[PDB]
Structures are given as C-alpha cells and as structure tokens.
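Take a look at this single chain, the form deposited in one PDB entry, given in structure tokens.
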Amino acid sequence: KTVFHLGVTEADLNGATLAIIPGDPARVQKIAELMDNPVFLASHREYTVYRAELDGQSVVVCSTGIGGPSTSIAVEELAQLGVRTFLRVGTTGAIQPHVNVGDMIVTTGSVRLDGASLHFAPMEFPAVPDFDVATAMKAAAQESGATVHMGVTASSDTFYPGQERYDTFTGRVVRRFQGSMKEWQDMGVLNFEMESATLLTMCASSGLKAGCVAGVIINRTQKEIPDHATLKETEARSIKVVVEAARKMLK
C-alpha cells in the first residue's frame, strides 16, 4: 500500500500518471510550486515527493538521488503506483566546445557507463528515450528561448574517474576510462551526467515513457567559471522547461 522507500500510497498521487524526477531533493518543491496546488507528500532518504496540478491533471514530483541505483527504486515504486511517464530534469557537464553553460541538452540516447541499466537489459539494448517525451522536451526547450542541443549523453556511475577527472585523491583513472573523455568528444557526445542510462534503459525495456533534459552547469572544455546568477537562472529555466514538457505529454 505504502511503497517501501518512497513512503506514499497510490491515493496520495491523486491519479497522476506522469512524474517529474530531478536528482536533487531540494529541487522537488521548486518544481511543484511552478504548478497549481502543490502538496508535500513525503520525504525519506534521497526521496522527496510532492504532487501538484498541471492544466487540471495531477503530476508527481519525486527526486531520484544521484545515480542509477536510487533512480531505479524511485521509478519502480512510482510505476507500481500507476506512473507511466517519467521526465528527468538534471544538471550536466558539457564536453563539446560550444555547448555553453545555461544551454539545455535533450538526450537522444545514452552511453551506458552505469551498472543498473544491465539489471534491465543486456548492454546491446539502446538507452533511448521515448520519442514522444524527447519531442516534447525539445519543443519545450526551444519554445522557452533556450539554446537547445539534441544528442548523445555519456551516463556515468561515477562523478570522478568515469568522467575522466584527475583532480582527485589518487589522481589516477582506471584503464577503462583513460582517454575516454576525448573518445566521447570525438564521437560527438554532448555531455556527462549520472542517471540517464539507467532511467532510459529501464523504462524503454519496461513499457514506461522516459526522457532526460538537463541544464549545462559546467563545460569541461571551458575555463570561464559561471557565476551563481547564471546557475540559478539555468536551474530556473530547466525546471520551467520540464514542466512545459510535462504539459505537452498530458492528454
């Protein structure tokens, strides 16, 4: 009745079949408050859960935490409660020279640099978004006036070595990931983040519609540091975009 990790019931969802799923629990209330009649439902672990109304339809907002494992729990438990459509809104590091801080990226497929995707489909299976969700995300992002890029996202189980960061305690990156950022750059991959491979593989193989849109908070090829103002704005724009994409998915 009450799902084990999220701490909500189906009735708590007031009929919602669509969820917006940010990684950060603090983003949940901010998203819900862009909609009508936001209601705090539960907070346990990394899972903060709200409901709100969008054009008269109930929508759930639930954080995932960082990484495929905590994401897979949230998606599973929301699906048990009747949710069928999942819109991730994230932050991301761009790896292409002119994909700038404050731009939006809508993932068309993910490099599966994760482990949880393999718990739903073998590696051969594409970590692909639902076409309708990706279409809605692209439309919402473009209509907002943001600069939007569609393309492949490298989705890593780590922030540090799997994104080929060397400014770390050991200063070492395992053989598998040595040279990997340049490899992805040369293959036209746009960005790194940490949940899309699990989310897209799990949903595409389980009868659930999913997509990922993320605001660029750092460009690994740029040396200029964004300010708080640009970042706040990037975060605000990303949540307005994902709510508009949700509007486009409702029926």
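In this text, rigid core is short for the largest set of C-alphas that superpose within 1.5 Å between two forms. Shifts are known only where both forms have a C-alpha. Throughout, we count residues from 1 along the sequence that is shown.
> At a threshold of one third of the other compared entries, does residue 227 come out as unmodelled?
Yes; at least one third of the other entries leave residue 227 out.
> On mean Cα temperature factor in this entry, is 38-46 or 202-210 the higher one?
Taking the mean B-factor of the alpha carbons in each, 38-46 is higher.
> Going by the mean C-alpha B-factor recorded in the entry, which is higher: 144-152 or 176-184?
Stretch with the higher mean C-alpha B-factor: 144-152.
> What's the residue among 129, 162, 102, 126 with the greatest CA temperature factor in the PDB record?
By C-alpha B-factor in the record, 102 ranks first.
> From 26, 66, 197, 190, pick the one with the largest CA B-factor in the entry?
Max CA B-factor in the entry, restricted to 26, 66, 197, 190: 26.
> Taking the chain's C-alpha temperature factors as the reference, tell me which third residue 57 falls into: lowest, middle or highest.
It belongs to the highest third of the chain when residues are ordered by C-alpha B-factor.
> With respect to C-alpha B-factor, does residue 222 fall in the lowest, middle or highest third of the chain as deposited?
It falls in the top third of the chain.
> By the recorded C-alpha temperature factor, relative to the other modelled residues in its chain, which third is residue 119 in?
Within its chain, residue 119 is a lowest-third residue by C-alpha B-factor, going by the deposited values.
> Can you tell me whether residue 112 has a C-alpha B-factor in the lowest, middle or highest third compared with the other modelled residues of the same chain?
Within its chain, residue 112 is a lowest-third residue by C-alpha B-factor, going by the deposited values.
Quick note: we don't show the form deposited in another entry, though the next part is all about it.
> For a quick test of reading the superposition: does residue 186 move by 2 Å or more at the CA between this form and the one not shown, rigid core aligned?
The answer is no; the displacement is under 2 Å.
> Any chance the CA of residue 231 moves 2 angstroms or more between this form and the one not shown, core superposed?
It does, since the residue 231 C-alpha is displaced 2 Å or more between this form and the one not shown after the core fit.
> Any CA movement of 2 Å or more for residue 222 between this form and the one not shown, core superposed?
Residue 222: C-alpha displaced by 2 Å or more between this form and the one not shown.
> What happens to the Cα distance from residue 224 to residue 147 in that other deposited form: does it get closer or farther than here, with a change of 3 angstroms or more?
Relative to the shown form, the pair is farther apart.
> Comparing against this form, do residue 224 and residue 100 have their CA atoms pulled together or pushed apart in that other deposited form? The difference is 3 Å or more.
Their C-alpha distance grows by at least 3 Å in that other deposited form.
> Residue runs between this form and the one not shown with every C-alpha shifted 2 Å or more, at least 3 long, rigid core fitted, in sequence order please.
After superposing the rigid core, the only shifted stretch between this form and the one not shown is 222-231.
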